[PDB]
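Laid out below as structure tokens are two forms of one and the same protein chain, each shown alone and named structure 1 and structure 2.
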Structure 1
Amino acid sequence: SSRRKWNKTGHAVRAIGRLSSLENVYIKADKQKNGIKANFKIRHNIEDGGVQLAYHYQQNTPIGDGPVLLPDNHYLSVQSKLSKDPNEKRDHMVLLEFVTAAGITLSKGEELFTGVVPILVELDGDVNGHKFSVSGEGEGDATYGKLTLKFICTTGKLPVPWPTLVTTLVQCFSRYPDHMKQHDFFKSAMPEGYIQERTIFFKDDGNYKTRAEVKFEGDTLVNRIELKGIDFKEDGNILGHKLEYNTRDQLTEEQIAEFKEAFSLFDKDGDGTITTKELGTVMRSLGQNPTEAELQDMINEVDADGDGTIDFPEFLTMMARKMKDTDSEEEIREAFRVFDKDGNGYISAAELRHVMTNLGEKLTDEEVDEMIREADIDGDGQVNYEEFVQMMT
């Protein structure tokens, strides 16, 4: 059938497409410059359709003279969410990002990143002679590869789209798993820092050239940037502001924080990854005693990088994944049965307290009572299955 032929051919051509949209940041050593180089491409959606490609070429070199770590080839995987602050009248961008290194199979500088670190970002820009400045502030938590920042245009209206400045506006906050610690150039250059340079080519339009110094200034990690843009088209997608601001309709920041809180219950040592030991501990606390081999089988089924642990993005993938309605309903049934330890059909305050304390939460009886109250539609002091379903929905 001609329709059969079109389908099978279309699938093949689309498969080529899915394979070659490499979204990752590919890093390799630049031994001559005692640093690293990277290349990657960003796909900016165009309002009302189409994509604007931005080809990135990157080089980093240390600012100071102490030895640094030069890596084997690897990549960073980035998930970014852009949003707006409803009360902010200035031109602005709120950003949440998670970045994790991978691609390799299983000190001083590192130690500076074990907790939450305040960030300042300053950019001075000139695009086609339009001068502008951006200031940003927020925090990074490398344990999770997490960045949270807000940026403001301090010169009025930004003359380019905010998404085009994301990559310019601190790869030292990437999570490198334990087996790749010796490949983390960025933290190895700290505190003295590194210079990051890029050229960014917007296809069929102009380019940005950037130079940044990234370093500690006391206890703050500061990214100070100069940007020059040339050859842009006045009514192209960049100077003409034709790019979409955010992706429809990425899972909410709130939901991410809820998942992070949940993840923390498993990651007992706060190292940003769940091990078989940690998963066993949680399961034991709730009365289930799988063997070490069974725990490893469990983790493997969701361990996308084969490092044998579950990191936060891997946990998010597992939790974000599409379930058939029947399956979602049964998963909620099963969760109810975990809470309802005596199997009588009602979750009591005692039972709730037991589950939360065993997971490792610290709640008073009064806090547990308030949780029951929020769910207890019929006022009997316990949470039945219908009430539980509404709470989880």
Structure 2
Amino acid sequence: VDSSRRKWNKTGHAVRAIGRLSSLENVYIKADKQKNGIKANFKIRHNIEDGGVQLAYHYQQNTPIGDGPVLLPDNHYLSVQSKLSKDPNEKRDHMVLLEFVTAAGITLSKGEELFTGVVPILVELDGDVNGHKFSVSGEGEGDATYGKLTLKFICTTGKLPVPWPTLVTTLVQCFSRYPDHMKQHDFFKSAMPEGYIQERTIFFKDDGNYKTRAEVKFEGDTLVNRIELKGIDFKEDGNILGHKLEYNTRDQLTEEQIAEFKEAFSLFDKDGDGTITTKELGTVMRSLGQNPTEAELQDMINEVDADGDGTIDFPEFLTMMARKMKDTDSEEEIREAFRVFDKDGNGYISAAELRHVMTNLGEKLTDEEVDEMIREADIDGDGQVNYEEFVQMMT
């Protein structure tokens, strides 16, 4: 490569480095004290079909509905993982949405109490974009312990006149997971049950804007998000009215695979508080016969610890487990997993070894259920699981 190409590479690397650094779409929150609430600013990148991105610049204000005291936070952010899919049995225009949201950015009430378990959610939106009126209704549930939202939305007026992904931020941030050390900065939950008003302007670069106002509050045991949206100045053949935005990707974990990981997570998180501490991680590792030091345990957690709280929460765990792996590395991971099961290292996992491994993990199973696991894997019928049989179960 000549000196010219060397200069392209060098300068290309620098420009691509900025791209990678700034690929974040986090929700930046600050206090708006004179309105007794908060403001937020963030940038959504909507993938355009067949390449490119449509920027959506979000400006947000929240103010409490009630008169009682709320918590006004220091600067921090929310980080969001979204998965959009379709219900194969649904003929109406619709969106199935799975979302994990966590707070971070700050280093180590009666409202919070309303979010300790699973909470039913209702969403109603009436919209008007360039004169095109439409409504959406949504239902599902939130589980703030895991920063989790699962909802299904239906366009109740027929065909949605804008792309589903453009409505996602508009369609309940009280379901975000705030770590313990940030509980004093959780405005959203502190305003409950009376609720808050959420207002946004969303500017679509080189296109129109949405203006939204929403009431977010409890009606009985249900968290309700009632929204009005007004969109103006949109181009008839732009990305929005022209439906040129990508709905989702195939490279996303199934909602079912995510559930499997949540199950696995629970084996570590034995008190169900939504975290794995060094204590909990060490307990499982010691049960399996390993002996990590306290420094190692702290280090292992720190490595995947996005919010810096010193523990692994479920979205952090999911991020680690969704990490895409080289086939050679995948093979080594499975090979090493086999050794954990195969306690005496003779190359066969016996029914007894499997029973003990289940017990070590805190997986409660009858001996019969363990024999059924053996049966599932046992190709040659010797009543035990060899390496190749185990490989099939990890594949």
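In this text, rigid core is short for the largest set of C-alphas that superpose within 1.5 Å between two forms. Structure 1 provides the reference sequence; residues are numbered from 1 along it.
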{"property": "Identical rigid-part label for residue 244 and residue 375 between structures 1 and 2", "result": "no"}
{"property": "Rotational displacement of the smaller rigid part between structures 1 and 2, which moves against the larger, in degrees", "result": "11"}
{"property": "Rigid core fit between structures 1 and 2: Cα deviation of residue 279 in angstrom", "result": "1.5"}
{"property": "Cα displacement of residue 340 between structures 1 and 2, core-superposed (Å)", "result": "2.9"}
{"property": "Core-aligned CA shift between structures 1 and 2 for residue 82 (Å)", "result": "0.1"}
